[PDB]
């Protein structure tokens, strides 16, 4: 009678189901997940000189909205914008707002440079509003000045202000145009004369006229202040010629370097690191794919429309 030697392989009691090219329900001894389903509900900021803007909107950093008083200058590698952040305390909007916000969120810092703009005795440069409260009192955008006639009703004087870029890098200059609520208000602030504001550099020009059309109240205000911007190149100058309606810059901005802009509601955590962020928080997975969100920033796993994709790490399970 012959002796016997038998060749065999292992098996497990609890096998795992995977998909193959030919079988949707193939049982293997072990498998591992390739799609990340979990996220840390926090912004993992270790190893990052970060700035959390809070209720400050990125554009508010350039104009100096009261909510942005602690964010007027700085440096960072990561900038965090939040939901319902305030840019415009006084009602209005910025022309080419989306391009501006992206420029700020792409940057690694903001510096400020004095324009040196000064005004004669017949201009009141200290115009304020209840819309922009500071220290429990009427105030204004910190980087701008609301110019009005010193004496109510009198013609605002024909004025020229020139900012010279004496730096080696481009400077971002912003200004506003006030659009009064009525002819009577317009006359009180700037006089009965026809108003005209012109702005001119070597690479930009535009002209503006305050409009006095009827419109509804936004936080009790029918007036509007709309913002405009341009880049003043190194060695160039920009000339403002105006006779009422200009909201004039006290300072210009310089965007420094590059950084990662994040839009999220999750709280900061300096205890841990991450390279991938989304609205709900951070993704610290080693896996190649994820199903949390198609909207991510940084160095991320690729988004897929799948709950799970199990990769086999063992042979076919053929139990006893």
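Residue numbers count along the first chain shown, from 1.
Student: Averaging C-alpha B-factors over each stretch, which comes out higher, 195-203 or 131-139?
Tutor: 131-139 has the higher mean C-alpha B-factor.
Student: Would you tell me which stretch averages the higher CA B-factor in the PDB entry, 226-234 or 92-100?
Tutor: So the stretch with the higher mean C-alpha B-factor is 92-100.
Student: So if I compare the CA B-factors in the entry for 239, 212, 113, 247, which one is the largest?
Tutor: Comparing C-alpha B-factors across 239, 212, 113, 247, the top value belongs to 212.
Student: Highest CA temperature factor in the entry: which of 253, 37, 29, 34?
Tutor: Each of 253, 37, 29, 34 was compared by C-alpha B-factor; the highest is 37.
Student: Among the chain's modelled residues, which third holds the C-alpha B-factor of residue 14?
Tutor: For residue 14, the deposited C-alpha B-factor lands in the highest third.
Student: Within this chain, which third does the Cα B-factor at residue 158 fall in: lowest, middle or highest?
Tutor: Within its chain, residue 158 is a middle-third residue by C-alpha B-factor, going by the deposited values.
Student: For the chain shown, is the CA B-factor of residue 300 in the lowest, middle or highest third of its modelled residues?
Tutor: CA B-factor rank for residue 300: highest third.
Student: Relative to the other modelled residues of the same chain, rank the CA B-factor of residue 66 and answer lowest, middle or highest third.
Tutor: According to the entry, residue 66 has a C-alpha B-factor in the chain's middle third.
Student: Compare the C-alpha B factor of residue 20 with those of the other modelled residues in its chain, then answer lowest, middle or highest third.
Tutor: Tercile = lowest for this residue's CA B-factor.
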